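Look below for two forms of one protein chain, each set out as structure tokens: first structure 1, then structure 2.
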Structure 1
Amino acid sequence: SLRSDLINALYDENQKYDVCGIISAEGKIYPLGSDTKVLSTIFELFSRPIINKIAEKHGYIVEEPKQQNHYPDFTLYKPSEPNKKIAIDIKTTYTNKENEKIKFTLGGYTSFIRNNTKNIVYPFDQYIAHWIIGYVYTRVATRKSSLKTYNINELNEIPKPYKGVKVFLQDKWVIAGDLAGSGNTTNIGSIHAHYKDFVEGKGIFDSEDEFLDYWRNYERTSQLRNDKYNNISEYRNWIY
């Protein structure tokens, strides 16, 4: 199973998280910081070697998006059956101190979910599956960068911005919740839970329809969200 195989190779098969810094054509190295906007990519870069791997020994093609504002990170599939498209999307998140509850943002709620074609490499329908690859790290901060330029020799010196990474795979609908992850950016939110709750997929929506419906009609303004619904209890009761 693409999945089983996948999950398998994600948990240290020989993989080690060691990205120390950025490098300029001048040969001089600049360390990282807690910028999430860059860490994200670093997280995806760790996966890109392993997805493609499996994908290979399974006979599917992988297609990264050409444009900067389209979902999802990866698009696996076989030409023959070019309707059985799977979709993998990398999501990171940080912790401060050990064993805290986490949460991720699961993506747009007013895009291809409701539009089918808006911002997605392929029309929403060609996908049979949508997976999520979640990462958790202990951010090492109290930050203010590392005010210094390095060289190819001090690599070992270079401090990283993360510690004790944790990965897991799961279907999106399984770990989705009933609250926006981001406001203005209309994102969906994840379940507030213990990392392991994710592994196990101890969610809240009973199936993928329950997850689409809920999100399909999650009004955007609190004003309109009152006389309709704010959560699972609210929605469920809305079934009658």
Structure 2
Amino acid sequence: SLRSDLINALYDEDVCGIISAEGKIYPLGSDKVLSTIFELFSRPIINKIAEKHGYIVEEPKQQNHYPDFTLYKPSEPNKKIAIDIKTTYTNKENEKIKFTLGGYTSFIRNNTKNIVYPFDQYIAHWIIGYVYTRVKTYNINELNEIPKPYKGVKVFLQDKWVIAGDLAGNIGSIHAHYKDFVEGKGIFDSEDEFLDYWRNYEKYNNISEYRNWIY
């Protein structure tokens, strides 16, 4: 399916510079650079698989809008798919990581603000997350010498709600191991609870407190 096809496609496919018209190459570092770098690398793959399955892939005009990519069949435009790309680092392999997942006051509460199509028109909300391990000019022959800002990069594709948390970072994600984002191990029980919790966030400061309140 578009999804299985997409995660395996992502799992397959190490950027190390910015190349100029005159051939010169400039190294990156961590200084919103790596995030934009991982979003760029993502465009092609997304285009490739959507197309293979007949999906239109839209990006937003007024940039600050959710979502990074909206995918839908023309036969079914009420079933749009939303893909947001998130990036995080980690200073130690196998140590808990977390992401930010955007606004909880815009579209989630207004259905139309800061989102491309109205919120109701999207059936699923996927997050593609990059977890990179934290680590003058050059010619095309120096590629292996140009110092990279990381020593590895992992990626998962998952549902926004399944990995959302109960605290602002903008919503934060759960504070867990890469493994738990892949495996889908979160705190919310359903998407409804995830959205009830975030549409009503001002009574409650965390999940436990949220549930006593709903009782």
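Please note that residue numbering is based on structure 1, beginning with 1 at the start of its sequence. Only the largest set of C-alpha atoms that superpose within 1.5 Å between the two forms is called the rigid core.
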Residue among 202, 58, 28, 194 whose Cα moves 2 Å or more between structure 1 and structure 2, once the rigid core is superposed: 28
Did residue 154 shift 2 Å or more between structure 1 and structure 2, C-alpha, core superposed: yes
Displacement in Å of the C-alpha of residue 8 between structure 1 and structure 2, rigid core kept as reference: 1.2
Core superposition result - C-alpha of residue 42, shift between structure 1 and structure 2, Å: 0.4
Distance moved by the residue 79 C-alpha between structure 1 and structure 2 (core-aligned, Å): 2.0
